[PDB]
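S.K.: Below is one structure. I have some questions about it.
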2 protein chains.
Amino acid sequence: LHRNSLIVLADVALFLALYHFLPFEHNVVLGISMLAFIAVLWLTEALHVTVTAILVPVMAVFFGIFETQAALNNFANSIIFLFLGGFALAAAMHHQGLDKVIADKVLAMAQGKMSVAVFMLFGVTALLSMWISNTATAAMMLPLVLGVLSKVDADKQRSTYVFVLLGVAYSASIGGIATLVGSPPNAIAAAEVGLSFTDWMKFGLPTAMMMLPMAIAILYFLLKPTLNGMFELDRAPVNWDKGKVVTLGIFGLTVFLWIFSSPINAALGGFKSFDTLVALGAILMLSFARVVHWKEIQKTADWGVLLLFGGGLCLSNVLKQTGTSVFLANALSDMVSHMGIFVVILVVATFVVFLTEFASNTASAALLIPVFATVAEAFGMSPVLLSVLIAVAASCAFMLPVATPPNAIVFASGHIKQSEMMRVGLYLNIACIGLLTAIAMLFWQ
Amino acid sequence: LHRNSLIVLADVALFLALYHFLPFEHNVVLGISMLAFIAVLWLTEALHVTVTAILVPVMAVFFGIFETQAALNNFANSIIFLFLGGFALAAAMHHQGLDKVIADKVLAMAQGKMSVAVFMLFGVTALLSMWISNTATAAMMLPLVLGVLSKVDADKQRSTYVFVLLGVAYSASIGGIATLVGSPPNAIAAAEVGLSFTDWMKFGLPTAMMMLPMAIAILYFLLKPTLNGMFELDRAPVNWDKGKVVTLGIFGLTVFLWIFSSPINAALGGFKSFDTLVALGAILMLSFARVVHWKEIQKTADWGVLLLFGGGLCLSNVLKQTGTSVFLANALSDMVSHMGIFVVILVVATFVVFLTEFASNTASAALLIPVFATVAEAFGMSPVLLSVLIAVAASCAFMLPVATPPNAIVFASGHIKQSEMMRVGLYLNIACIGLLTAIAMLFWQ
Ligand SMILES: O=C(O)c1ccc(C(=O)O)cc1
Ligand SMILES: O=C(O)c1ccc(C(=O)O)cc1
Ligand code: NA
Ligand code: NA
Ligand code: NA
Ligand code: NA
């Protein structure tokens, strides 16, 4: 009776159809049928992303592709645990309030100017998003933005409160492209091609440094009237208490080890997934230093995304085991040889940068990263490029709300019009397809 | 400065000490030192049970016992997922309120007699604990018990209102011994020795059927004055609404497949961990039938216990890989050959039935199930008996509060005295050491 129950029944139909009617070797048929089923279920979201994630292995198992335990072992990939480490580190500095003090101390560095207010609100929302989350950084910044934009309260003077709102809703998403913790897509790419933390930082941090100015510029050079106004610094100030310095010390030490993981590990006996060990060590320090309780981390952690990761890796392996990756490589051979690698990575970047407006950031990465990384592997090219590209572009949702939670968080402020966002995002999208295809060309040799 | 920070530093000391001073082959030294370390950390709970669980693999990995991915793969054992299935099934019937309707419908079957009120309160707390939880069943029953024991309000007539509180807090723990879902210890045993759902039911359900009467009898023939009183059925009645019949249908179907798993699976192609597939199927049906949302399952699920399961299996494998199981088997060879299997399982049943009063039921199972199962395996005896025994006896916490959450839940009713419980529990413990050593002898050939 409900829309989604219908999308589900239509997808079951589509599967049965493709299964019986496709004229290929059985394994390719099964792999294609499964790929389509999941693709639909994840783009429509008729079932929750996490339930479809759980649906992947139970199919693999019933259709004999894998044995139950082999299929489940995917959900314990080391990147999943690294991400759980970043979740506990965020839980820590939130329960401790080190995000509030990092907001105030930087925000009150601007003495009383709305000019240098919003610029620090974006630089903070971004710097905080590198480590915490996106939905969380945006929902945490919203009160500080509405707090600042209350002196210029005139909402007949609207264009101030869209520049300063959409700015943070974008600064959180751009800040999520800086490190392996931040947005799930990065983790799905890292799990697919086997990236370390410092590897994905060598990629994403440059792209974030470039895209945050370009995005503020684009919001600016629409309708910005904010070189005027004054500050209302209204609330109790902050002060470093029972080891907010401890939370900082652990955080700092952890991020240090994450950056210098390559030489420390090489000069330690070369452990297997050093970054994951560091993340679990973080959880341990944070628990021994008494600084955060487990109930906190259990609330903060989005276990549904951790299950998603696994479902995505399982899908990748289903495509390999069934040969659907080699089959699609053969089917695209003539197209990719008639196109350039420029053309290709432009088509990819565009396709995702716009698909992410209609569907979930992570659902889109979870679908496209496997397919592309595995086809690229069937072409015998290093899948890193396509995977990182897709993962970055999936976090470039700027048009309508519903694209990402930050958009619908700053949108529910009953002020910003649908059309305004729909056309600033339409400019920033092309801007990114540009910046991305550029950098992806420079990171070649 | 804090108690637990000291317990931790003293345990790190104990480890370093045992490590340097024990005079055995290096692997046995490392395995023993680790066993002691974890043992302490889990019995004292200086760190949260789940943080110790995470501590097990990071040690195994740094001390070269396993590779990071091998050690982590333990956290994706199929029993973990079966338990997550039972968590989603509980989330479903709680969010749906089918536990309230099952309480009301049975409670209002007793017309107006306090005699047949408390007896049905115990039969319900027990039947519900089979599937839901223990801490949860107790906290959900407390308002219904205080609701009934409000007509006999006289708390100078205390021993009525203590009998029914301790009564239900015991019916929850005994009901937790009936099925693989219920109490984690059962799941840790099932994960260690490889039990199916219908296997652990063939064991525990008899024991619960026996132990619930014996426990009501023992509470009765202390100070029971309840053949008097009348009922106050005060609250809005219940009625089967938007598919509480659906939730019932799925529940029933799931439990049916779990019971009949052996022939269905044999007559299906013999899938590997069928019960786990049934549990994930439950999560899927419950999501397609729209009957429960994922946010609900994410709140209900105790992800910390699911991580514990894994850490405990990892410990077991550390004992095997280091040969500490064979070493302790050799060290106990003369003791166990000078003892009978009666003597042995009496010492075990006693030891745990009383250790479980001082430390967490599941922390106790996670520690003792590995050590014992693996030593029994070095003696080449089927480890099932000792493991199931330990798991049942660990759920036989009846004395002080703090033993189990149900005890401390009915204890916080600012009414039941410390001494009263300490001596009903002191009788019920021996009663169990009896019943258990008995049944454990009958289940031999
Ligand atoms: O799929 C989505 O819509 C999505 C999920 C998570 C995040 C994040 O917190 O980084 C952003 C977007
Ligand atoms: O470790 C404990 O004290 C304990 C944990 C869980 C349960 C349960 O809900 O079955 C009972 C007791
Ligand atoms: Na982030
Ligand atoms: Na999106
Ligand atoms: Na139970
Ligand atoms: Na206990």
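S.K.: Failed condition for A:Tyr19, given (1) touching a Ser or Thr at 6+ places or on another chain (Cβ under 9 Å); (2) farther than 25 Å from A:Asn186 by Cα; (3) facing chain B (nearest Cβ under 8 Å), with all others met?
M.R.: Here A:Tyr19 clears every test but (3).
S.K.: Let me ask something else. Within region A:15-28, how many residues are among the hydrophobic types (A, V, I, L, M, F, W, C), part of a helix (DSSP H, G or I) and in contact with a helix residue (DSSP H, G or I) (Cβ under 6 Å, 6 or more places away or on another chain)?
M.R.: Residues meeting the conditions: 3.
S.K.: Just to be sure before I move on: is B:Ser150 more than 21 Å from B:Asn239 (Cα to Cα), out of contact with any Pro (no Cβ under 8 Å at 6 or more places or on another chain) and crowded, with 21+ Cβ neighbours inside 10 Å in the structure I sent?
M.R.: Criteria not met by B:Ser150.
S.K.: List the residue pairs whose Cβ atoms are under 9 Å apart, where the first residue sits in region A:98-119 and is in contact (Cβ under 8 Å) with a residue 60 or more places away in the chain, the second is among the basic types (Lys, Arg), and the two are 6 or more positions apart or on different chains.
M.R.: A:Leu98/A:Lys244; A:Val101/A:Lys244; A:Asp104/A:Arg235; A:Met114/A:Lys151
S.K.: What residue, of B:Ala236, B:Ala217, B:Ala189, is of a type in the set (A, V, I, L, M) and in contact (Cβ under 8 Å) with a residue 40 or more places away in the chain?
M.R.: Step by step, each of B:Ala236, B:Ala217, B:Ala189 is checked, and only B:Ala189 is of a type in the set (A, V, I, L, M) and in contact (Cβ under 8 Å) with a residue 40 or more places away in the chain.
Quick grid of which residues meet (1) away from ligand 2 (no atom under 16 Å from the Cβ); (2) over 30 Å from B:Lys224 (Cα atoms):
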| position | (1), (2) |
| --- | --- |
| B:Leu355 | no, no |
| B:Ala378 | yes, yes |
| B:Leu386 | yes, yes |
| B:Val402 | no, no |
| B:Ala408 | no, no |
| B:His415 | yes, no |
| B:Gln418 | yes, no |
| B:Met421 | no, no |
| B:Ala440 | yes, yes |
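S.K.: In region B:17-35, what residues are more than 29 Å from the chain's Cα centre (by Cα) and under 18 Å from B:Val56 (Cβ atoms)?
M.R.: B:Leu18, B:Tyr19, B:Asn27, B:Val28, B:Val29, B:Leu30
S.K.: Moving on to the next point. Among (1) more than 30 Å from A:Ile79 (Cβ to Cβ); (2) in a helix (DSSP H, G or I); (3) more than 14 Å from every other protein chain (Cβ to nearest Cβ), there is one condition B:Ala92 misses while meeting the rest; what is its number?
M.R.: (3)
S.K.: Then there's this: Given the conditions (1) touching a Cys at 6+ places or on another chain (Cβ under 6 Å); (2) within 16 Å of ligand 3 (Cβ to nearest atom), report the number of the one that A:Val353 does not fulfil.
M.R.: For A:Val353, the exception is condition (2).
S.K.: Exactly one condition in (1) touching a residue at least 40 places away in the same chain (Cβ under 8 Å); (2) assigned to a helix (DSSP H, G or I); (3) out of contact with any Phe, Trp or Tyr (no Cβ under 8 Å at 6 or more places or on another chain) is not met by B:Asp199; state its number.
M.R.: Only one criterion is unmet by B:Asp199, namely (1).
S.K.: Between residues in region B:315-328 that are closer than 14 Å to B:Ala71 by Cα and residues that are surrounded by fewer than 20 Cβ atoms within 10 Å (Cβ to Cβ), which pairs lie under 6 Å by C-beta distance while being six or more apart or on different chains?
M.R.: Taking only residues 6 or more apart or on different chains, the pairs are B:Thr322/B:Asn27.
S.K.: May I pose another question? Six or more apart or on different chains, Cβ atoms under 9 Å: show the pairs whose first residue is in region A:296-307 and within 8 Å of chain B (Cβ to nearest Cβ) and whose second is outside any helix (DSSP H, G or I) and not hydroxyl-bearing (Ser, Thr, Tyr).
M.R.: Hits for this filter: A:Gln298/B:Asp302; A:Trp303/B:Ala301; A:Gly304/A:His48.
S.K.: Looking at A:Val145, is it surrounded by 23 or more Cβ atoms within 10 Å (Cβ to Cβ), more than 14 Å from chain B (Cβ to nearest Cβ) and either farther than 30 Å from B:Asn73 by Cβ or of a type outside the set (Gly, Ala, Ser) (or both)?
M.R.: yes
S.K.: What pairs can you find where one residue is in region B:354-378 and farther than 17 Å from B:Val344 by Cα and hydroxyl-bearing (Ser, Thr, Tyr), the other is outside any helix (DSSP H, G or I) and within 16 Å of ligand 2 (Cβ to nearest atom), and their Cβ atoms are less than 6 Å apart, with a gap of 6+ or different chains?
M.R.: Qualifying pairs under 6 Å: B:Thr356/B:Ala397.
S.K.: Does B:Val318 count as farther than 29 Å from B:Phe83 by Cα, of a type in the set (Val, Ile, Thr) and touching a helix residue (DSSP H, G or I) at 6+ places or on another chain (Cβ under 9 Å)?
M.R.: no
S.K.: Output the residue which, of all residues in region B:49-67 that are in a helix (DSSP H, G or I) and at the interface with chain A (Cβ under 7 Å from one of its Cβ atoms), is farthest from B:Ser5 (Cα to Cα).
M.R.: B:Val61
S.K.: Only residues that are of a type in the set (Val, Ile, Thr), within 16 Å of ligand 1 (Cβ to nearest atom) and under 12 Å from A:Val410 (Cα atoms): list them for region A:132-179, please.
M.R.: Answer for region A:132-179, where residues must be of a type in the set (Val, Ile, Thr), within 16 Å of ligand 1 (Cβ to nearest atom) and under 12 Å from A:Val410 (Cα atoms): A:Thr135, A:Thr137, A:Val168.
S.K.: Still on this structure, please answer the following. Mind listing whichever residues of region B:278-292 are buried (at least 21 other Cβ atoms within 10 Å of the Cβ), facing another protein chain (nearest Cβ under 7 Å) and not small (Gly, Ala, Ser)?
M.R.: Listed by number, the residues that qualify are B:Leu280, B:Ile283.
S.K.: Let me ask another. Select from region A:410-445 the residues that are of a type outside the set (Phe, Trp, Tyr), closer than 22 Å to A:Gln157 by Cβ and assigned to a helix (DSSP H, G or I) and list them in ascending order.
M.R.: Hits for region A:410-445 are A:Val410, A:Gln418, A:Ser419, A:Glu420, A:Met421, A:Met422, A:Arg423, A:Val424.
S.K.: Kindly indicate which of B:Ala70, B:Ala76, B:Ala46 is surrounded by fewer than 24 Cβ atoms within 10 Å (Cβ to Cβ), within 13 Å of another protein chain (Cβ to nearest Cβ), without any contact (Cβ under 8 Å) to a residue 12 or more places away in the chain and of a type in the set (A, V, I, L, M).
M.R.: Only one candidate passes the filter, namely B:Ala70.
S.K.: Out of region B:320-373, which residues are small (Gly, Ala, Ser), more than 16 Å from ligand 5 (Cβ to nearest atom) and crowded, with 16+ Cβ neighbours inside 10 Å?
M.R.: B:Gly323, B:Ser325, B:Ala329, B:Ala349, B:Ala359, B:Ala363, B:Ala366, B:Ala373
S.K.: Quick one: would you say A:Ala110 is in a helix (DSSP H, G or I) and either closer than 29 Å to A:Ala394 by Cα or among the aliphatic types (A, V, I, L, M) (or both)?
M.R.: no
S.K.: Let me ask something additional. Considering every residue within region B:410-417, establish whether at least one is more than 16 Å from ligand 1 (Cβ to nearest atom), buried (at least 24 other Cβ atoms within 10 Å of the Cβ) and away from chain A (no Cβ under 14 Å).
M.R.: yes
S.K.: Also: Pull up region B:169-185, narrow it to residues that are assigned to a helix (DSSP H, G or I) and either over 17 Å from B:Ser78 (Cβ atoms) or more than 9 Å from ligand 2 (Cβ to nearest atom) (or both), then point me to the one that is nearest to the other protein chains (Cβ to nearest Cβ).
M.R.: Once the filter is applied, the top-ranked residue is B:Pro185.
S.K.: Mind checking which residues of region B:225-271 are more than 25 Å from the chain's Cα centre (by Cα) and within 14 Å of chain A (Cβ to nearest Cβ)?
M.R.: Within region B:225-271, B:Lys242, B:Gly243, B:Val246, B:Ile264, B:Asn265, B:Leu268, B:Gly269, B:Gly270, B:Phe271 qualify.
S.K.: Can you tell me which residue within region B:374-385, out of those that are aliphatic (A, V, I, L, M) and over 11 Å from B:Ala189 (Cβ atoms), is surrounded by the fewest Cβ atoms within 10 Å (Cβ to Cβ)?
M.R.: Here the residue is B:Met381.
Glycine also receives a Cβ, built like all others from the backbone with ideal geometry; neighbour counts cover every protein chain displayed. No value in this document is a laboratory result; all are computed from the given coordinates.
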